[PDB]
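Here are two versions of the same chain, shown separately as structure tokens and labelled structure 1 and structure 2.
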Structure 1
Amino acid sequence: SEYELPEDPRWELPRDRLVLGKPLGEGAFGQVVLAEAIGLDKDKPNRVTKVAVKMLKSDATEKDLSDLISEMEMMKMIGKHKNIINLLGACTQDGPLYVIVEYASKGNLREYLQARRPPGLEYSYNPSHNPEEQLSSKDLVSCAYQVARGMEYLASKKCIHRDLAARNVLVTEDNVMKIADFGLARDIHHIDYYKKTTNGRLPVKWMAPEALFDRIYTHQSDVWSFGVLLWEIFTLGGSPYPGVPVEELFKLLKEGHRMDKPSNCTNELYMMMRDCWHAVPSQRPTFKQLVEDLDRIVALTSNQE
């Protein structure tokens, strides 16, 4: 239980200043909740901010604490960007480790897009019982731009996400896109391809071929994944490679088969997808060029549609 937790007075927040609310989600030997932090900014001690706090579960082992510290310390090294989930504070003293980060009210991007789906031929059915206002064409390109910006920053800081999907992007109340779970430590063991997360997702579909076969992870493998993410944006939370099992995906990609253009998508944007989906990693575009291009398309894309 003790354990030597590093104290960092700049990130340190007192526990009586944090009021723990409802759970946000459940991870590996750790759980996230909503909370209200009183006086997050020290020259404004009387203000409350909604935050997300990560804490270990009952079944958590020594390995899990080291991971949690690693994740926290990793966010310190990467620093702040608006388009990623940022470290706010932590409680290392007088109790269990709490890691306080930015809160995105509107949930993950996959559920955000699926709830904003218009009825029609171009998109699938809206799963949400309380559907929201539909998104414009500019909003969607803008969404892609933000994710790229955030990924561009993580790239400059030498962070490789290695799982990048609409699920791993979160949306705030201000409808700012923020990359989530970027600071994870890579497992030393081999991964089970058929294995699903707590949500029932297969990550293999976002993996570049080199990562899928030879388990090689680069910034370029994230670009491939960003192609899959782009596809998800313009399918409004569509499932990649529908009705394709793992075994069928291995062969499909080797033969050079790629996903079909989404019903509502421009050729320029589908070319961007195909560029990220390029077999040879060196021939894929960089996030730097993806930001430069998307910045241009957003201005050109009308907000009326």
Structure 2
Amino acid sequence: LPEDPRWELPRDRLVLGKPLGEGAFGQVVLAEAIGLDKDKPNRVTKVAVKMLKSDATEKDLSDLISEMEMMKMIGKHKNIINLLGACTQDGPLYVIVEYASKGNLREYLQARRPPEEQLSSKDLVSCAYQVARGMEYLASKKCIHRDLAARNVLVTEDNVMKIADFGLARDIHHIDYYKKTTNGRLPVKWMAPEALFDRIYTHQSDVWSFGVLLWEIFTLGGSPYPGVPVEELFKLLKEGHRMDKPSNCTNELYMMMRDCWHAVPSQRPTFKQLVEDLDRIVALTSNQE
């Protein structure tokens, strides 16, 4: 691998630890990095580190490299998982990124269902706002996520939402529609119809996904279309079926979901608009329940 002084960290500055993400994101571990920022060489920073597996092919390597290079191009934002460094010389590839100590957004929501303090209505809307901001940023940098979902949003120690796994151009025609997530759910249930049927991925189809994620948030981690298999989902979408309004969700926010699921992609809102709408809604939403 060619060295890149912008990002290189000597690998003896890294203390490796336990796995993260239950394999969903490949081999990612928690680590401690000494002197990440060279201004404070004596501080340690908890970071996430992604690396190849033992039984890994040549393209597994090129993919990890592409992922890293992509993250370099995209630049930094508060509501995405940022690149922090790399170990590329004299050993196996390490990609060093921000650590989100509270796991993914689906888990985090579920753990705060009534029987871990319950979330206020304002908290929930604020969660939506942060995810829209990260996506607004990524879209502005010409990045299409293709798998936006609460499982790919990570939460920091300070309850900041970060979009994860935006760096890989995953093998588009090559996707297993029947393959389930780590949780046992079907990723097709987040996909816009034109992405699912015509394999056309855009910022507009990411917005569809965001509507489903919105529905995840206000159901506190609910599973979309529970019990519905792939073939039946296809039929549902061909018919123009839409998920019902969650309880404890305003008509305004349900209308937002429905707009994100506009049958005509050009008519869906942009992440720019969603951020603006969500920003106003936050300021009017009570945190007293």
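By rigid core we mean the largest C-alpha set that fits within 1.5 Å across both forms. Shifts are known only where both forms have a C-alpha. Residue indices: 1-based, along structure 1.
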Position that moves between the two structures after core superposition, taken from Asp41, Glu26, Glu247, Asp260, with Cα shift of 2 Å or more: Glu26
Superposed on the rigid core, does the Cα of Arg215 end up 2 angstroms or more away between the two structures? no
Tell me, please, whether between the two structures the C-alpha of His190 is shifted by 2 Å or more, with the rigid core used for superposition. yes
Can we say the CA of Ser105 moves by at least 2 Å between the two structures when the core is superposed? no
Core-aligned CA shift between the two structures for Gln146 (Å): 0.2
Taking the rigid core as reference, the Cα of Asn199 travels between the two structures a distance in Å of 4.1
For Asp16, CA displacement between the two structures after the core is overlaid, in Å: 1.0
Enumerate, in order of sequence, every stretch of at least three consecutive residues present in both forms where each C-alpha is displaced by 2 angstroms or more between the two structures, superposition done on the rigid core. 25 to 30, 188 to 192, 197 to 201
